[PDB]
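Asks:
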Amino acid sequence: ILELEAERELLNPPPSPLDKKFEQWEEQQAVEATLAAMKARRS
Amino acid sequence: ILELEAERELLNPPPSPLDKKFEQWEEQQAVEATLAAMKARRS
Amino acid sequence: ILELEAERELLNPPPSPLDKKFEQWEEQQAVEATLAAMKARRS
Amino acid sequence: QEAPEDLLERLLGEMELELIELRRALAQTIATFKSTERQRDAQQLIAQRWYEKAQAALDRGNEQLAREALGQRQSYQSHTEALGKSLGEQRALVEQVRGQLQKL
Amino acid sequence: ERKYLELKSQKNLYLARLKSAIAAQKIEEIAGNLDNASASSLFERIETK
Amino acid sequence: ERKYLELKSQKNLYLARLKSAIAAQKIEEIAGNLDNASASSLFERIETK
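Taken in sequence, the protein lines are chains L, A, H, W, G and B.
Throughout, full-length UniProt numbering is defined as the position within the first sequence, counted from one, plus 174.
Throughout, full-length UniProt numbering is defined as the position within the second sequence, counted from one, plus 174.
Throughout, full-length UniProt numbering is defined as the position within the third sequence, counted from one, plus 174.
Throughout, full-length UniProt numbering is defined as the position within the fourth sequence, counted from one, plus 21.
Throughout, full-length UniProt numbering is defined as the position within the fifth sequence, counted from one, plus 125.
Throughout, full-length UniProt numbering is defined as the position within the sixth sequence, counted from one, plus 125.
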């Protein structure tokens with residue numbers, strides 16, 4: 175199972191430090207989008 | 175399919191830069207014809 | 175294995191001090207390209 | 022020899038069997054070129070993603086990610102360039118053979 | 126793996142180029158019989174007649 | 126599961142595209158007999174006559 179599991183992570187896009195940066199980007203992107211949406215209705 | 179598709183474009187008249195010139199000619203030809211028709215009824 | 179491994183490095187382009195210079199070139203090339211790209215959008 | 026006129030009709034028919042052989046090989050060479058073009062499109066797209074991962078890094082001043090993304094991009098762009106270099110080479114081959122076939 | 130796939134790519138391209146060469150080498154046979162034998166040997170025989 | 130369903134989606138789309146290709150590959154057979162054989166071989170025979 176340890177070998178079988180390892181075989182998976184190499185053929186698929188492996189986790190990378192950039193992925194978390196993409197996550198905090200996509201997350202922050204929606205945070206910026208969320209706050210942007212809020213002010214749109216206030217105006 | 176890539177080879178089959180390529181076989182088609184060589185036996186038929188292939189796309190050429192002149193074709194777009196013919197298009198903007200035939201298109202402009204009708205644009206000139208259209209505006210020519212407009213003034214005909216105005217007169 | 176020591177002999178087998180050695181056989182590989184002679185037929186292929188062997189590591190050279192110039193390669194690191196090429197690396198810090200290609201790396202610096204992209205660093206210069208990266209900073210060049212940044213100012214392009216600022217302008 | 023056989024009836025010379027019979028050979029003329031028979032021979033010219035044989036020659037047709039070859040012109041198609043060149044035609045198929047000529048066309049088949051096209052698939053190799055355009056196939057790499059999609060691969061190059063994927064490679065530049067993968068590079069384009071990487072710059073997009075660097076363009077998102079361009080925003081908010083996350084330069085080191087624009088650095089790593091562009092740094093990895095150059096490897097993919099070098100592959101893209103390598104595919105582009107191969108594509109450029111194939112472009113001349115297909116054109117001259119078409120001129121040859123058109124001439125032939 | 127990146128190296129192996131590249132070789133497998135140029136091989137089909139290299140195989141494609143030789144297929145045109147295979148068709149290329151043969152047309153020379155056309156000229157010989159259709160020009161030398163036909164247009165210079167059969168041709169001369171009846172033309173001399 | 127989200128991955129598997131996506132593959133099953135593009136497959137029917139991919140199968141749809143090749144069905145057009147199956148109909149696409151065949152029309153070339155139309156031109157050959159209806160143009161070369163008919164409009165350049167049957168045609169030339171009677172036209173030469």
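Just so it is clear, CB atoms sit at the ideal spot from N, CA and C, and this is done for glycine as well.
Start and end of the alpha helix (DSSP H) containing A24(W)?
Replies: Taken as a continuous stretch (DSSP letters only), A24(W) belongs to no alpha helix (DSSP H), as it is neither H nor E.
Asks: Does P188(H) come out as helix, strand or coil in the three-state DSSP assignment?
Replies: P188(H) falls in the coil class under three-state DSSP.
Asks: Would you mind telling me which residues of chain B sit closer than 9 Å to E181(A), beta carbon to beta carbon, in chain order?
Replies: What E181(A) touches in chain B: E153.
Asks: Can you confirm whether the stretch 85-97 of chain W touches the stretch 186-197 of chain L when touching is taken to mean that 3 or more C-beta pairs between the two stretches lie within less than 8 Å?
Replies: Short answer: they touch.
Asks: Please tell me whether residue 224(A) and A156(B) are closer than 8 Å, where the distance is taken between their beta carbons.
Replies: Only positions 175 to 217 of chain A appear in the structure, and residue 224(A) is not among them; the question remains open.
Asks: With a threshold of 8 Å, are at least 3 pairs of Cβ atoms found where one atom belongs to the stretch 32-45 of chain W and the other to the stretch 60-72 of chain W?
Replies: The stretch 32-45 of chain W is not in contact with the stretch 60-72 of chain W.
Asks: Check each candidate in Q95(W), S107(W), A113(W), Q60(W) and name the one with the smallest Cα separation from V205(H).
Replies: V205(H) has its Cα closest to that of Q95(W), out of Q95(W), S107(W), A113(W), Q60(W).
Asks: Considering only their Cβ atoms, is the gap separating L122(W) from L43(W) smaller than 8 Å?
Replies: Cβ distance < 8 Å, so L43(W) and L122(W) count as in contact.
Asks: Between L192(L) and chain W, is the shortest Cβ-Cβ distance under 8 Å, so that the two count as touching?
Replies: Yes, its Cβ sits closer than 8 Å to a Cβ of chain W.
Asks: Using the C-alpha atoms, what's the distance from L130(G) back to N137(G)?
Replies: Looking at the two C-alpha atoms, the distance is approximately 11 Å.
Asks: With respect to the alpha helix (DSSP H) encompassing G109(W), which residues constitute its N-terminal and C-terminal limits?
Replies: Note, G109(W): alpha helix (DSSP H), 84-124.
Asks: From this set, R215(A), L178(A), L184(A), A180(A), which residue's C-alpha is nearest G120(W)'s C-alpha?
Replies: The option with the nearest alpha carbon to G120(W) is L184(A).
Asks: Roughly how many whole angstroms lie between the Cα atoms of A164(G) and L29(W)?
Replies: So the alpha carbons of these two residues sit roughly 11 Å apart.
Asks: Using three-state DSSP, classify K174(B) as helix, strand or coil.
Replies: Coil, per DSSP.
Asks: Quick check: the Cα distance between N186(H) and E177(H), rounded to an integer number of angstroms?
Replies: Near 15 Å, if we compare the C-alpha coordinates of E177(H) and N186(H).
Asks: Who are the neighbours of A210(H) on chain W, taking C-beta pairs under 9 Å?
Replies: The premise fails here: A210(H) is roughly 11 Å from chain W at the closest Cβ pair, so nothing lies under 9 Å.
Asks: Label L192(H) either buried or exposed according to how many other C-beta atoms from any shown protein chain fall within 10 Å of its C-beta, with 16 as the threshold for buried.
Replies: Exposed, because fewer than 16 other Cβ atoms sit within 10 Å of the Cβ of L192(H).
Asks: Relative to chain H, which residues along the stretch 86-101 of chain W have a C-beta separation below 7 Å, given in chain order?
Replies: Against chain H - using a Cβ distance shorter than 7 Å - the residues of the stretch 86-101 of chain W are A87, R88, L91, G92, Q95.
Asks: Return the first residue and the last residue of the alpha helix (DSSP H) that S134(G) is part of.
Replies: It spans 127-156 - the alpha helix (DSSP H) in which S134(G) sits, taken as one unbroken run.
Asks: With H, G and I counted as helix, E and B as strand and the rest as coil, what does DSSP make of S217(L)?
Replies: Here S217(L) sits in coil by DSSP.
Asks: Taking buried to mean at least 16 other C-beta atoms within 10 Å of its own C-beta, is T57(W) buried or exposed?
Replies: Burial call: buried.
Asks: Kindly say whether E200(H), judged by its beta-carbon, lies nearer than 8 Å to any beta-carbon of chain W.
Replies: Judged by the 8 Å Cβ criterion, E200(H) is in contact with chain W.
Asks: Does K74(W) have its Cβ less than 8 Å from a Cβ in chain L?
Replies: Yes, because at least one Cβ of chain L sits closer than 8 Å to the Cβ of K74(W).
Asks: Taking only the alpha-carbon atoms, compute the straight-line gap between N158(B) and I152(G) and give it to the nearest angstrom.
Replies: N158(B) and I152(G): Cα-Cα distance of roughly 25 Å.
Asks: Answer with yes or no whether the minimum CB distance from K213(L) to chain W is below 8 Å.
Replies: No, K213(L) lies away from the interface with chain W (no Cβ there is under 8 Å from its Cβ).
Asks: Can you tell me whether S107(W) is buried or exposed? The criterion is at least 16 other CB atoms within 10 Å of its CB, across all chains shown.
Replies: Per the 10 Å Cβ criterion, buried.
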